[PDB]
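**Student:** First, the structure itself, so that you have it in front of you.
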Amino acid sequence: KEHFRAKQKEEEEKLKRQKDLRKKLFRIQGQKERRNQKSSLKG
Amino acid sequence: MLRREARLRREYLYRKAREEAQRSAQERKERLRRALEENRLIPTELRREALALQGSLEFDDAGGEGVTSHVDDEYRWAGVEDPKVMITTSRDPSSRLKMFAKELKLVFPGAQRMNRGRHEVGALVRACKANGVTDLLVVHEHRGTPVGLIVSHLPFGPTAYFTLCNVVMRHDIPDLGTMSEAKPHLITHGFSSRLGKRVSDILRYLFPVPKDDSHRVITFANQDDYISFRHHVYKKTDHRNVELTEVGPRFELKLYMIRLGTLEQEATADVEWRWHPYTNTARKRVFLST
Amino acid sequence: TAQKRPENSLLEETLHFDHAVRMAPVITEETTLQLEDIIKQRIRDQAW
Amino acid sequence: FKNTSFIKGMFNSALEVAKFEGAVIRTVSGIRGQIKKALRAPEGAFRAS
Amino acid sequence: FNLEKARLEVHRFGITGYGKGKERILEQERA
RNA sequence: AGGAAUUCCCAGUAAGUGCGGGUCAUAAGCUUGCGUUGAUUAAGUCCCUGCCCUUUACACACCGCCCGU
RNA sequence: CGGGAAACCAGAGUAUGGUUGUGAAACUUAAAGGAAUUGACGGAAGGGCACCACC
Ligand SMILES: [Mg+2]
Ligand SMILES: [Mg+2]
Ligand SMILES: [Mg+2]
Ligand SMILES: [Mg+2]
């Protein structure tokens, strides 16, 4: 029981570094989507 | 008929459970629609399955009933048909309780009062359903003064429990005369919260659609979770000046329980809202207003 | 307990305690007039 | 009687109960209650839910 | 007179000229 | 065995009798369930006391203008 | 064919808070003194109904 409880603490920590590392990459993807707006009507 | 009644109840309960899911599905659909109408990013939640919601938007039309509401299912025939109200008392009523029950028949248009003898409660509800009775009222008394009132919507509608506080009847007041008996205008005041809207709906549907020129007014005013019942008739002596003469009984209401089922289903029906007086912050909290 | 204390002692004691629930409202003439003022306003505007 | 219980020993007269109606009371076990109304048969009992 | 608001309204009226089948497939592309 | 006045009541109803519960409100000499026994009269008029409405779907048949300021 | 970073030169959503954007009373309930081809009433008759009326 404690082993499973001990495990759950790391994924709570693990998800914290997951979102921060993805955060820097996310902004680059968002800038690309801006160009799709202008060409959305054209195709 | 008994099989039909059971089938309709399971249909009603099934729709109630899924009501929240359809509302969320509907809400996601409108956010996509705004994003299409004004050229913008699809929201990241709506980025997947966007085509399916777009396909749904074409299929939506005025013909469909729309999202279901459990309130609408309960009061299906509220506007189209006039309500049928029956009033009864507890077993072996007092002298003054029978006098109070006589006055409540006069207040509600088309209401009927029947003697409670050795009738089982479940048997009473069965007869009311068979003969198309819409709403059933049961009144309790303590030492000759009314103390409790139960309002039940017969077609598996909500049951509301009330306690009466300051009851003054017409029979105590001498030489009043006779009542107007016209279809009354309704005044609802003080109900602002979601629960207050729920309670006011139950009280309002007890009355039929009135006429525009009716001079009969019934007022329900909420003040600190206490509902005041007032009945008045007005005369326009001249423009902008109106005179009010109080007629009919005067009493206060305090709600403490709402149950989904009928009053024959105490052991099975769920409780939509209950008053909790032993809560640590129960003294300083109100529920009928915001 | 009650045995130790003398009879009717707490009447003059002026202790402090808390009440569980709100008291019921008291009806007076002033509350009647304000309520009738609300009713009259809705009548004039036909705010049914 | 289930939730409702009859309590003696807190007060010694019916005047005492009238002063403390609606007061919050609790047990050693932690169940919270309310004083409701005085009882006549003994001197200082009351009804509590 | 807003060009962006006018630009969409001009587009929608034109696509209906293509036909309802062509209305749909072009609408999928925009999304 | 409870005057003058006055209130309520149409079928398992009026009335009698017992047996339970105290159910997050109310209720203690009180509140609410459940069973037992079970009647007389009445099924129609607007006379009194009042209330709600009206007096501008052309089968056959019937019927043929409310009034005043 | 040579190099391409272990290269070369010297982003949106909600929610919660802020900021801003010469007298009409001391006097008057006579529509501050109305509108009306559109307004305000009265009588009579008919159809119903009630253990707020009869029997
Ligand atoms: Mg009886
Ligand atoms: Mg009986
Ligand atoms: Mg006698
Ligand atoms: Mg008995």
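In the structure tokens, chains take letters A, B, ... by order of appearance, with residues numbered from 1 within each chain and ligands from 1 in the order shown.
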Check the DSSP output for the backbone and give back, as an mmCIF file with N, CA, C and O atoms, in the first residue's frame, the residues of region 9-41 of chain C in alpha helix (DSSP H).
**Tutor:**
```cif
data_model
loop_
_atom_site.group_PDB
_atom_site.id
_atom_site.type_symbol
_atom_site.label_atom_id
_atom_site.label_comp_id
_atom_site.auth_asym_id
_atom_site.auth_seq_id
_atom_site.Cartn_x
_atom_site.Cartn_y
_atom_site.Cartn_z
ATOM 1 N N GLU C 29 -47.297 46.712 11.453
ATOM 2 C CA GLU C 29 -47.951 47.573 10.471
ATOM 3 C C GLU C 29 -46.970 48.075 9.420
ATOM 4 O O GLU C 29 -47.325 48.193 8.241
ATOM 5 N N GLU C 30 -45.735 48.381 9.824
ATOM 6 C CA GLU C 30 -44.756 48.908 8.876
ATOM 7 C C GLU C 30 -44.450 47.904 7.771
ATOM 8 O O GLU C 30 -44.362 48.276 6.596
ATOM 9 N N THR C 31 -44.302 46.625 8.124
ATOM 10 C CA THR C 31 -44.073 45.602 7.108
ATOM 11 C C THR C 31 -45.271 45.469 6.176
ATOM 12 O O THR C 31 -45.108 45.177 4.985
ATOM 13 N N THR C 32 -46.482 45.667 6.700
ATOM 14 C CA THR C 32 -47.674 45.618 5.858
ATOM 15 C C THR C 32 -47.667 46.740 4.824
ATOM 16 O O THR C 32 -47.969 46.515 3.646
ATOM 17 N N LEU C 33 -47.322 47.961 5.248
ATOM 18 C CA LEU C 33 -47.362 49.100 4.333
ATOM 19 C C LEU C 33 -46.323 48.977 3.225
ATOM 20 O O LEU C 33 -46.612 49.286 2.063
ATOM 21 N N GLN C 34 -45.105 48.539 3.561
ATOM 22 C CA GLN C 34 -44.085 48.367 2.529
ATOM 23 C C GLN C 34 -44.488 47.291 1.531
ATOM 24 O O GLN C 34 -44.263 47.437 0.326
ATOM 25 N N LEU C 35 -45.082 46.200 2.019
ATOM 26 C CA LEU C 35 -45.525 45.138 1.123
ATOM 27 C C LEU C 35 -46.647 45.616 0.210
ATOM 28 O O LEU C 35 -46.678 45.277 -0.978
ATOM 29 N N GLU C 36 -47.580 46.406 0.749
ATOM 30 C CA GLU C 36 -48.647 46.961 -0.080
ATOM 31 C C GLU C 36 -48.098 47.959 -1.093
ATOM 32 O O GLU C 36 -48.643 48.100 -2.193
ATOM 33 N N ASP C 37 -47.026 48.671 -0.734
ATOM 34 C CA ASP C 37 -46.385 49.573 -1.686
ATOM 35 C C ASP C 37 -45.806 48.807 -2.868
ATOM 36 O O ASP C 37 -45.877 49.272 -4.012
ATOM 37 N N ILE C 38 -45.217 47.637 -2.609
ATOM 38 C CA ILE C 38 -44.709 46.801 -3.693
ATOM 39 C C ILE C 38 -45.850 46.337 -4.589
ATOM 40 O O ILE C 38 -45.738 46.358 -5.820
ATOM 41 N N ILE C 39 -46.965 45.913 -3.987
ATOM 42 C CA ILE C 39 -48.106 45.430 -4.764
ATOM 43 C C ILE C 39 -48.677 46.545 -5.631
ATOM 44 O O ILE C 39 -49.013 46.330 -6.803
ATOM 45 N N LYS C 40 -48.792 47.753 -5.073
ATOM 46 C CA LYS C 40 -49.342 48.875 -5.829
ATOM 47 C C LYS C 40 -48.457 49.235 -7.017
ATOM 48 O O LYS C 40 -48.962 49.594 -8.087
ATOM 49 N N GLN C 41 -47.135 49.158 -6.842
ATOM 50 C CA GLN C 41 -46.218 49.487 -7.931
ATOM 51 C C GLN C 41 -46.381 48.526 -9.103
ATOM 52 O O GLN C 41 -46.384 48.944 -10.267
#
```
**Student:** When the cut-off is 9 Å and you count only C-alpha atoms (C1' of nucleotides) and all ligand atoms, which residues lie near ligand 2, shown as an MDAnalysis selection string?
**Tutor:** (chainID B and resid 91:92 117:118) or (chainID F and resid 15:16)
**Student:** Using only C-alpha atoms, which chain A residues lie at most 9 Å away from chain E, written as an NGL selection string?
**Tutor:** :A and (40-43)
**Student:** Got a sec to tell me which of region 2-244 of chain B DSSP assigns to strand (DSSP E), as number ranges by chain?
**Tutor:** B: 85-89, 112-113, 135-142, 145-153, 159-164, 185-189, 216-223, 226-238, 241-244
**Student:** Using only C-alpha atoms (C1' of nucleotides), which residues sit within 12 Å of residue 32 (chain A) once same-chain residues fewer than 6 positions away are excluded, as a list in words?
**Tutor:**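 My reading of the contact set: residues 25, 26, 38 and 39 of chain A; 41 of chain B; 11 of chain G.
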**Student:** Just want the 10 Å neighbourhood of residue 23 (chain F), counted on only C-alpha atoms (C1' of nucleotides), with same-chain residues fewer than 3 positions away dropped. Output as JSON, numbers by chain.
**Tutor:** {"D": [1, 2, 3]}
**Student:** Expressed in Å to a single decimal, how great is the separation between CA of residue 35 (chain D) and CA of residue 222 (chain B)?
**Tutor:** 27.0 Å
**Student:** Select, as a PyMOL selection string, those residues of chain G with any atom no more than 9 Å from chain B (distances computed using only C-alpha atoms (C1' of nucleotides)).
**Tutor:** chain G and resi 12-13+29+31+52
**Student:** Which polymer residues have any atom within 10 Å of an atom of region 14-26 of chain D, counting only C-alpha atoms (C1' of nucleotides), with same-chain residues fewer than 5 positions away left out, as a ChimeraX atom specification?
**Tutor:** /B:278 /C:7-11,17-23 /D:31-40,42-49
**Student:** In terms of the shortest atom-to-atom distance over only C-alpha atoms, which of E:9, E:3, E:14, E:21 is closest to chain B?
**Tutor:**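 Of the candidates, the smallest distance to chain B is held by E:9.
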**Student:** Pick out the residues sitting within 8 Å of residue 139 (chain B), and hand them over as a PyMOL selection string; count only C-alpha atoms (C1' of nucleotides), and ignore anything fewer than 5 positions along from it in its own chain.
**Tutor:** chain B and resi 88-90+101+146-150
**Student:** With N, CA and C atoms retained, could you export that selection as a short mmCIF file (atom, residue, chain, number, x, y, z; two decimals), in the first residue's frame?
**Tutor:**
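Here's the written file selection35.cif:
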```cif
data_model
loop_
_atom_site.label_atom_id
_atom_site.label_comp_id
_atom_site.auth_asym_id
_atom_site.auth_seq_id
_atom_site.Cartn_x
_atom_site.Cartn_y
_atom_site.Cartn_z
N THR B 88 -56.96 17.93 1.05
CA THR B 88 -57.36 17.00 2.09
C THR B 88 -56.58 17.33 3.36
N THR B 89 -56.97 16.69 4.46
CA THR B 89 -56.38 16.94 5.77
C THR B 89 -55.88 15.62 6.35
N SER B 90 -55.26 15.71 7.52
CA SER B 90 -54.84 14.53 8.25
C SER B 90 -56.06 13.83 8.85
N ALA B 101 -59.25 24.32 5.77
CA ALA B 101 -59.29 23.60 4.51
C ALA B 101 -60.43 24.09 3.63
N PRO B 146 -53.25 25.61 11.96
CA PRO B 146 -52.49 24.94 10.90
C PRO B 146 -51.00 25.13 11.08
N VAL B 147 -50.24 24.05 10.88
CA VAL B 147 -48.80 24.09 11.12
C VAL B 147 -47.98 23.55 9.96
N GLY B 148 -48.54 22.74 9.07
CA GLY B 148 -47.78 22.16 7.98
C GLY B 148 -48.61 22.04 6.73
N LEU B 149 -47.94 22.14 5.59
CA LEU B 149 -48.59 22.04 4.29
C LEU B 149 -47.68 21.26 3.35
N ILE B 150 -48.26 20.33 2.60
CA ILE B 150 -47.53 19.52 1.63
C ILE B 150 -48.17 19.71 0.27
#
```
**Student:** Neighbouring residues of residue 247 (chain B) were defined as those with any atom within 9 Å, considering only C-alpha atoms (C1' of nucleotides); residues of the same chain fewer than 2 positions away were excluded. Please report them as an mmCIF file with N, CA, C and O atoms, in the first residue's frame.
**Tutor:**
```
data_model
loop_
_atom_site.group_PDB
_atom_site.id
_atom_site.type_symbol
_atom_site.label_atom_id
_atom_site.label_comp_id
_atom_site.auth_asym_id
_atom_site.auth_seq_id
_atom_site.Cartn_x
_atom_site.Cartn_y
_atom_site.Cartn_z
ATOM 1 N N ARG B 170 -60.177 33.921 7.533
ATOM 2 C CA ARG B 170 -61.326 34.804 7.360
ATOM 3 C C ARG B 170 -62.395 34.553 8.413
ATOM 4 O O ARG B 170 -63.120 35.478 8.792
ATOM 5 N N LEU B 176 -66.962 39.821 6.801
ATOM 6 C CA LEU B 176 -66.152 40.072 5.614
ATOM 7 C C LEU B 176 -66.980 40.011 4.335
ATOM 8 O O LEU B 176 -66.851 40.883 3.470
ATOM 9 N N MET B 179 -66.032 36.125 -1.424
ATOM 10 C CA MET B 179 -64.822 36.343 -2.202
ATOM 11 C C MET B 179 -65.140 36.526 -3.686
ATOM 12 O O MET B 179 -66.241 36.235 -4.160
ATOM 13 N N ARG B 230 -50.327 36.722 0.546
ATOM 14 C CA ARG B 230 -51.287 37.809 0.658
ATOM 15 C C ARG B 230 -52.255 37.752 -0.512
ATOM 16 O O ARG B 230 -51.865 37.433 -1.639
ATOM 17 N N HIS B 231 -53.515 38.070 -0.233
ATOM 18 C CA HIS B 231 -54.574 38.093 -1.229
ATOM 19 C C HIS B 231 -55.271 39.444 -1.174
ATOM 20 O O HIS B 231 -55.681 39.888 -0.097
ATOM 21 N N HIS B 232 -55.397 40.094 -2.328
ATOM 22 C CA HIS B 232 -55.942 41.442 -2.389
ATOM 23 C C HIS B 232 -56.812 41.599 -3.627
ATOM 24 O O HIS B 232 -56.646 40.885 -4.619
ATOM 25 N N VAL B 233 -57.747 42.543 -3.551
ATOM 26 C CA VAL B 233 -58.502 43.020 -4.703
ATOM 27 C C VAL B 233 -58.398 44.539 -4.733
ATOM 28 O O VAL B 233 -58.479 45.197 -3.691
ATOM 29 N N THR B 245 -57.828 46.377 -0.609
ATOM 30 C CA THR B 245 -58.593 45.808 0.494
ATOM 31 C C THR B 245 -58.173 44.356 0.670
ATOM 32 O O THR B 245 -58.272 43.561 -0.271
ATOM 33 N N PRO B 249 -57.215 34.400 3.544
ATOM 34 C CA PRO B 249 -56.328 34.063 4.661
ATOM 35 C C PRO B 249 -54.951 34.690 4.508
ATOM 36 O O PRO B 249 -54.525 35.083 3.420
ATOM 37 N N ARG B 250 -54.253 34.779 5.638
ATOM 38 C CA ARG B 250 -52.914 35.352 5.706
ATOM 39 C C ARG B 250 -52.031 34.414 6.514
ATOM 40 O O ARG B 250 -52.348 34.107 7.667
#
```
**Student:** With a distance threshold of 12 Å and counting only C-alpha atoms, extract the residues of chain B near chain D and express them as a list in words.
**Tutor:**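 That gives residues 276, 277, 278, 279, 280, 282 and 283 of chain B for chain B.
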**Student:** Now that the selection is made, can you save its residues with N, CA, C and O atoms as a PDB file, in the first residue's frame?
**Tutor:**
```pdb
ATOM      1  N   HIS B 276     -30.631  21.975   6.420  1.00  0.00           N
ATOM      2  CA  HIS B 276     -29.757  21.367   7.418  1.00  0.00           C
ATOM      3  C   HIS B 276     -29.562  22.341   8.572  1.00  0.00           C
ATOM      4  O   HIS B 276     -28.722  23.250   8.481  1.00  0.00           O
ATOM      5  N   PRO B 277     -30.299  22.198   9.677  1.00  0.00           N
ATOM      6  CA  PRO B 277     -30.196  23.166  10.775  1.00  0.00           C
ATOM      7  C   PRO B 277     -29.009  22.964  11.704  1.00  0.00           C
ATOM      8  O   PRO B 277     -28.688  23.884  12.469  1.00  0.00           O
ATOM      9  N   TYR B 278     -28.351  21.808  11.660  1.00  0.00           N
ATOM     10  CA  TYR B 278     -27.216  21.524  12.525  1.00  0.00           C
ATOM     11  C   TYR B 278     -25.879  21.794  11.852  1.00  0.00           C
ATOM     12  O   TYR B 278     -24.833  21.491  12.433  1.00  0.00           O
ATOM     13  N   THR B 279     -25.895  22.342  10.640  1.00  0.00           N
ATOM     14  CA  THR B 279     -24.675  22.795   9.991  1.00  0.00           C
ATOM     15  C   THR B 279     -24.033  23.907  10.819  1.00  0.00           C
ATOM     16  O   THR B 279     -24.721  24.713  11.451  1.00  0.00           O
ATOM     17  N   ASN B 280     -22.695  23.920  10.839  1.00  0.00           N
ATOM     18  CA  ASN B 280     -21.966  24.882  11.662  1.00  0.00           C
ATOM     19  C   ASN B 280     -22.292  26.319  11.272  1.00  0.00           C
ATOM     20  O   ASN B 280     -22.360  27.203  12.134  1.00  0.00           O
ATOM     21  N   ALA B 282     -25.193  27.163   9.627  1.00  0.00           N
ATOM     22  CA  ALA B 282     -26.592  27.157   9.212  1.00  0.00           C
ATOM     23  C   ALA B 282     -27.326  28.415   9.658  1.00  0.00           C
ATOM     24  O   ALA B 282     -28.294  28.828   9.011  1.00  0.00           O
ATOM     25  N   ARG B 283     -26.893  29.025  10.764  1.00  0.00           N
ATOM     26  CA  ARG B 283     -27.603  30.181  11.305  1.00  0.00           C
ATOM     27  C   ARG B 283     -27.509  31.386  10.375  1.00  0.00           C
ATOM     28  O   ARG B 283     -28.490  32.116  10.198  1.00  0.00           O
TER      29      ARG B 283
END
```
